[PDB]
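Chains as they are written, first to last, in the entry's author numbering: chain A, 54 to 368; chain B, 21 to 423.
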Amino acid sequence: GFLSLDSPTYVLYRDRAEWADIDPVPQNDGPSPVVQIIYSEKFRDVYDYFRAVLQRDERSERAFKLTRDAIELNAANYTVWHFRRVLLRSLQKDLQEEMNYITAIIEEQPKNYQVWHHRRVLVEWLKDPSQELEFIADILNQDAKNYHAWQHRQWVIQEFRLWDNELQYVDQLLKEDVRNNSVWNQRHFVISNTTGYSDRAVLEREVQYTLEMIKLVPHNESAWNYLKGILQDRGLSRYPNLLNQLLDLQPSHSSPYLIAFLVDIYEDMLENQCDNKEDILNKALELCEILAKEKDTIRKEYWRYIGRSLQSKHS
Amino acid sequence: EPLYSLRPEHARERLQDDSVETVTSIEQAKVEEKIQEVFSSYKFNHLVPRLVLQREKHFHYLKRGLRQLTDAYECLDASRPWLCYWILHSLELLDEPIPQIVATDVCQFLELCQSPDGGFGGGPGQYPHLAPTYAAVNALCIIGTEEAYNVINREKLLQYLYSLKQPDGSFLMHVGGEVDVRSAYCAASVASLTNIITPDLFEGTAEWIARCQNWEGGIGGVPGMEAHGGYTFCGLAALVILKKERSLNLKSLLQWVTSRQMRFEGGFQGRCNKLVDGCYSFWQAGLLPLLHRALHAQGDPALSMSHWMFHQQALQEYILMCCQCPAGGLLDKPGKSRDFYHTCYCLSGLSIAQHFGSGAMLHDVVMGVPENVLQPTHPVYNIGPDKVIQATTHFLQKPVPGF
Ligand SMILES: C/C(=C\COP(=O)(O)OP(=O)(O)O)CCC[C@H](C)COC(=O)C(NN)C(F)(F)F
Ligand SMILES: [Mg+2]
Ligand SMILES: [Zn+2]
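(1) Is the distance from the Cβ of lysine 336/A to the Cβ of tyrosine 319/A below 9 Å?
(2) List, in chain order, every chain A residue whose beta-carbon is nearer than 7 Å to that of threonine 90/B.
(3) Quick one: give me the first and last residue of the alpha helix (DSSP H) that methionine 341/B is part of.
(4) Would you be able to state if there are at least three C-beta pairs under 8 Å between the stretch 298 to 316 of chain B and the stretch 344 to 359 of chain B?
(5) Could you check whether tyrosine 250/A and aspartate 286/A sit closer than 9 Å to each other, using their CB atoms as the reference points?
(6) What are the partner residues of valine 296/B, as DSSP defines its beta bridges?
(7) Just verifying my parser: in three-state terms, what is the DSSP assignment at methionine 381/B?
(8) CB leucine 340/A to CB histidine 367/A, shorter than 9 Å?
(9) Can you say whether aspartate 252/A is buried or exposed, counting buried as having 16 or more other CB atoms within 10 angstroms of its CB?
(10) May I ask whether a heavy atom of ligand 2 can be found less than 8 Å away from the beta carbon of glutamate 198/B?
(11) For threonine 132/A versus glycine 145/B, is the C-beta spacing smaller than 9 Å?
(12) Can you tell me whether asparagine 234/A is buried or exposed? The criterion is at least 16 other CB atoms within 10 Å of its CB, across all chains shown.
(13) For residue 431/B versus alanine 123/B, is the C-beta distance shorter than 9 Å?
(14) May I have the straight-line CA-CA distance separating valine 176/A from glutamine 184/A, to the nearest angstrom?
(15) Residues of chain B with CB closer than 7 Å to the CB of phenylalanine 242/A, please, in chain order.
(16) List the residues of chain A that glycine 298/B touches, going by C-beta distances under 9 Å, in chain order.
(17) Given a cut-off of 9 Å on the beta-carbon distance, is the pair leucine 23/B and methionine 387/B in contact?
(18) If you pair each beta-carbon of the stretch 164 to 179 of chain A with each one of the stretch 125 to 145 of chain A, do three or more pairs fall below 8 Å?
(19) For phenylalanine 117/A, which of helix, strand or coil comes out of DSSP?
(20) Identify the contact partners of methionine 329/B in chain A, using a Cβ-Cβ distance below 7 Å as the criterion.
(21) Out of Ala317/B, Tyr93/B, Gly287/B and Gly241/B, state which residue places its alpha-carbon closest to the alpha-carbon of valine 260/B.
(22) Would you check whether ligand 2 has a heavy atom nearer than 8 Å to the C-beta of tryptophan 134/A?
(23) From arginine 266/B to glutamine 48/B, what does the alpha carbon distance come to, in whole angstroms?
(24) List the endpoints of the continuous alpha helix (DSSP H) containing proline 86/A.
(25) Relative to the C-alpha of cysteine 104/B, which candidate in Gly224/B, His149/B, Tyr154/B and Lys271/B has its C-alpha closest?
(26) Does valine 209/A come out as helix, strand or coil in the three-state DSSP assignment?
(27) Cβ-heavy atom distance between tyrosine 166/A and ligand 2 below 8 Å?
(28) Is the stretch 130 to 140 of chain B in contact with the stretch 86 to 97 of chain B, if contact means three or more CB pairs nearer than 8 Å?
(29) Is it true that the CB of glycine 142/B sits closer than 9 Å to the CB of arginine 100/B?
In structure tokens:
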């Protein structure tokens, strides 16, 4: 029987008949305490009883149910999580019922690290990733940028080779929010681990899609960072058309992002013995000054550093 | 006017959503409107802007929290050495001394947190974990007495680190726990401070951290993950300790971190297209001195001789105007409640933004009243530079445990 911690008829463990045999163990905070938390009666009660069962290493059904309350009170207590995992194995607990429980607590506390690590352990134990992608998609439906949800998703996909529908899921979330950086990261994760970006048709499709996204939302930094990230590998100067194609967006779709990208192309050209070296240098230096003084003054120190760096190297 | 965030041209820094609204732009616009109300309050109330760090209010909040906390802190019952570190470091930045009785009570409490098998747990009798191990070592080093140094069981600490070490170069946060870039930093920080680095302890670690640098230029928690300020600081700081900063593409990292400063708010966001947050004042801005040191070691001639590569003024303005709780303590952004974590990191980031250093060169930028000047902080350890030298020199008298 599960007496919920929030139930109106919840009773402190010290008032429970089935717990009378055991003395709760108080926390030893020393004689002159520091960072001492004045625990609520409910918290102190559960934790003094958790300490008793832990200290005596009681691998019982009652100790198992108690870890659920200790976790609900403080889901970041990794000592409790460890003992709960000892009890799951010692007591031979049904791991699918434990999956139902972890699903419920992750829904309640989706930013807690311990809950996600526990779910990974259960998936490993059961060798069953079948509910994973759908469960994660439900968390991502509430917070599309939840870092642990994306990390658990990449772990599941990589460990169980569930690559096949991920690019489609990425396309769906990018339609919902083109500015979702976690999703542009997922796009790179899928492509790099499947076809790779060396395949010319793949690269062309990716750059075209990104340029279309930049046209629709010019001030969306994620698409600009993605375009740079997928082309910086081989070097921006390796793509001669790109420069003129971005210059063709200078009046209509301009931003400090387009200007900064132009400086990035110029830096690579100067590092790869480009034609018209002094012309490229002055163009780059002009943009560094426009960025530092007018269009991106928050980054004045970076842009001045770049200007000085370019001068020092390509004078 | 003399404040960058209050200049008429600063209005041009507001979000441009291109008439395409998404959850991201909507949430950003809400934050910007709230920050604009803060920036304009002086204009609307017909008062001369005065930027004052509320030292006495922050001091009261901290001296009290060091001894006792309400049940609102139950969520941090497995993070008690973090509370010691956050509070002791905030008091250190505010140039507040530690009474010898307090220093002794902290030492004794951390002794109770120390595991018989090495490392520290989040509280008395809790299992050891690298995050409270890092916090406990940092707190003991801020105290810096013989008693504090003697608390650390160096032989078991090394044993503990070896037990977490993975064949791929990574470290578990704890036994039966997970791997992330924070663990490499926690291990490198405690191991370097206590002089327990053996020749093979960090074998493959630099290479594993370098695998966490992604297409964005920043560092993810594990390989494949989105670049994040907290992990990027952990990754670069651990590589500085190991003298392996070169394993990263430093230029793509420099471009990524500088891009994280918000043109409007002046503070830093944790990742691209997410919100400004006062704690990133340390995690993100703290990367600039580390990058400065790394590039200088490569003999970069184009580096500044007076400023870090971020807007030191705009960051101080964001912290001073938006991150102070009137009752004392600091916070993420206006509307959020104070906590000791944000108090520690807002103040850590303020110190970094105030103090530039590179070899012979020393240059301060103190926004508002001169009393706002904080004690400097070490960009690798986030404890006072004097505490770093004192601890390192002390532990270097001891041989590396022979096993
Ligand atoms: C996944 C995540 C945040 C996303 O959280 P959320 O989405 O709510 O935030 P945002 O991304 O801003 O929207 C955590 C990584 C960042 C932490 C600050 C890491 O912490 C440290 O560096 C250390 N310690 N405690 C230490 F190094 F000391 F160990
Ligand atoms: Mg854990
Ligand atoms: Zn924060």
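Where is the CB? At the ideal position from N, CA and C, for every residue including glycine.
Taking the coordinates as given:
(1) Going by C-beta atoms, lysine 336/A is nearer than 9 Å to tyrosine 319/A.
(2) Against chain A, the beta carbon of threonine 90/B has neighbours under 7 Å at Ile91, listed in chain order.
(3) Per DSSP, the unbroken alpha helix (DSSP H) holding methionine 341/B starts and ends at 332 to 342.
(4) Yes: at least three Cβ pairs fall under 8 Å.
(5) Yes.
(6) Its beta-bridge partners are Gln289/B.
(7) Residue state, collapsed to three classes: strand.
(8) Against a cut-off of 9 Å, the Cβ pair of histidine 367/A and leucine 340/A comes out as no contact.
(9) Label assigned to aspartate 252/A: exposed.
(10) Indeed, a heavy atom of ligand 2 lies less than 8 Å from the Cβ.
(11) Yes, the pair counts as a contact, with Cβ atoms nearer than the cut-off.
(12) Residue burial is scored here from C-beta neighbours: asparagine 234/A has at least 16 other C-beta atoms within 10 angstroms and is therefore classed as buried.
(13) Any question about residue 431/B goes unanswered here, given that chain B covers just 21 to 423.
(14) Approximately 9 Å, taken between the alpha carbons.
(15) Chain B residues near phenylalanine 242/A: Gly244.
(16) Within chain A, no residue comes near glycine 298/B; the closest Cβ sits about 17 Å away, beyond 9 Å.
(17) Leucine 23/B is a Cβ neighbour of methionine 387/B, given a cutoff of 9 Å.
(18) Touching, yes, given that three or more Cβ pairs across the two stretches are closer than 8 Å.
(19) Here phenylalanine 117/A sits in helix by DSSP.
(20) The contacting residues are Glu354, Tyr355 and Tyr358.
(21) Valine 260/B has its Cα closest to that of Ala317/B, out of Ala317/B, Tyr93/B, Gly287/B and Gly241/B.
(22) For ligand 2, at least one heavy atom lies less than 8 Å from the Cβ of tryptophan 134/A.
(23) Answer to the nearest angstrom: the Cα atoms are 35 Å apart.
(24) Unbroken run through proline 86/A: none, as it is neither H nor E.
(25) Closest by alpha carbon: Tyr154/B.
(26) DSSP places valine 209/A within a helical segment (H, G or I) once states are collapsed to three.
(27) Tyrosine 166/A Cβ: within cutoff of ligand 2.
(28) Touching, no, given that fewer than three Cβ pairs across the two stretches are closer than 8 Å.
(29) Cβ atoms of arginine 100/B and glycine 142/B: closer than 9 Å.
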